[PDB]
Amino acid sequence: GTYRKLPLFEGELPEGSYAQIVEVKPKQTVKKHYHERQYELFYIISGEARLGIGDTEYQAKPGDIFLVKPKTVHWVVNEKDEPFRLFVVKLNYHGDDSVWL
């Protein structure tokens, strides 16, 4: 819902590890949230978006890499017809922890 979520290497990734593509549907926004304990590593694959982490908003283009440490708030705004697609890795992942602002 809101953005797609395409897990890879399911059951193959060590304890607390996780990897997946996500696809932020076009001209949609992902709302302010944070993770209690998990890290997000992004590699921006295609499209363009506004990406906030803590106190900084980036104009995320492909080939950018981002880190979201925990208790750090993030959002994306896609203002493009093309979907925003990113490679995600989650570190110290204890399952679902998204506290949604």
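Note that residue numbering begins at 1 and tracks the sequence as displayed.
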Identify the stretch, either 47-55 or 62-70, whose C-alpha atoms have the larger mean B-factor according to the entry.
-> 47-55
Please work out which of 24-32 and 37-45 has the higher mean CA B-factor as recorded in the PDB entry.
-> 24-32
Give the position of residue 77 by CA B-factor within its chain, expressed as the lowest, middle or highest third.
-> highest
Ranked by Cα temperature factor within the chain, is residue 86 in the lowest third, the middle third or the highest third?
-> lowest
